[PDB]
Structures are given as C-alpha cells and as structure tokens.
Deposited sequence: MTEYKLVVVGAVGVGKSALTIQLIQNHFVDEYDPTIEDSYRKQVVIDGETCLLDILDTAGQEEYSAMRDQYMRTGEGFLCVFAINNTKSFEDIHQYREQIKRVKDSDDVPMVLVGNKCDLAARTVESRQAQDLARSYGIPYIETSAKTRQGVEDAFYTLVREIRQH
C-alpha cells in the first residue's frame, strides 16, 4: 500500500507528541516512530510518523530524518512566541536538506484550547500565506483539528 512518511517538528514543549498520540492512540497525555493503517478519502494507506525530540541537538542529527520525510508538520504553540519565531529556522532547514523551495508542509498552531495566547491567528495565517502552505490550529487536549492537520498534510503530499 501507499505509505506516507510524515515528520513532526517544532520547538520544545509545543505538543509534537501529544498531537501524534491523540491521532494514533486517541488520548491526551498530560505528560520515536509510529505506524498505523488508516483509510483517508477512501484510500487505504499507512501513516509512518516520526515524532522528533525537541532538543536542538541535531542539524547533523536532524538532516538524516528530514531527508527521508515526505511531508512535515511544523508545530508551534499559540502561547509561545519563541516557538513561533523558531518556525522559520525549521523551514529553512527542511528546504536546505530536500533541495527544494516547495516541500509538502503544514503550519500548525497547537494548544488553541488555552486563553493566554501570545501569537494571534492572523499573524500565523499571514506567515503561512507567505510560505504558500496551509495553516491549521489544533488542540491535542480537545482533539480539535488533529485529524485535519495530519490529513491535510497527506493531501499536500498527494498533490506534490
């Protein structure tokens, strides 16, 4: 069957794992590869997701997994301005290693259940527009937009 190699990236603590675990095991963790047969738009397929460590110890450790990844979830948290500003560094790294200005990618603003937000939706939407990539807000806690984000990424890969 078609397999989709997806890679979840982002600054420490933004909810890369919570999003992956909500999708795969259907529960929010208040506190690494995953493989799952799913059916998306009638297509039977396997999601092979890499949930990357947050520690900036990489760049040679990062290049290996970015090279095999087909599409990328670039995650920041909406109560975390630094995690948002860090997004540019992740995209420029994916582009460097994949020798492409166009890589299937979705910008995800996670933790949209929280009221104490420091990054506004219009801000991130305008960023995503400049990249030419979709923007989707999620909450791994409420499960809002979780399937949305991953499925939109699969569809971006299908259109590449």
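The deposited chain is incompletely modelled, with C-alpha atoms absent only over 32 to 37.
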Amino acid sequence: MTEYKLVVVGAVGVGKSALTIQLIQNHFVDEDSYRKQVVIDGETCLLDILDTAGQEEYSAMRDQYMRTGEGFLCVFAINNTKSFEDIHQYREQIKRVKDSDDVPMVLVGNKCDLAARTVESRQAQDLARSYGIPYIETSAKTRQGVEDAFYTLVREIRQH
From here on, numbers count along this sequence of modelled residues.
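If you average the C-alpha B-factors over 81 to 89 and over 68 to 76, the higher value belongs to 81 to 89. When the C-alpha B-factors of 43 to 51 and 115 to 123 are averaged, 115 to 123 comes out higher. Per the deposited coordinates, the residue with the largest Cα temperature factor out of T152, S17, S139, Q25 is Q25.
Ranked by Cα temperature factor within the chain, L107 sits in the lowest third according to the deposited record. Sort the modelled residues of the chain by CA B factor and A128 lands in the lowest third.
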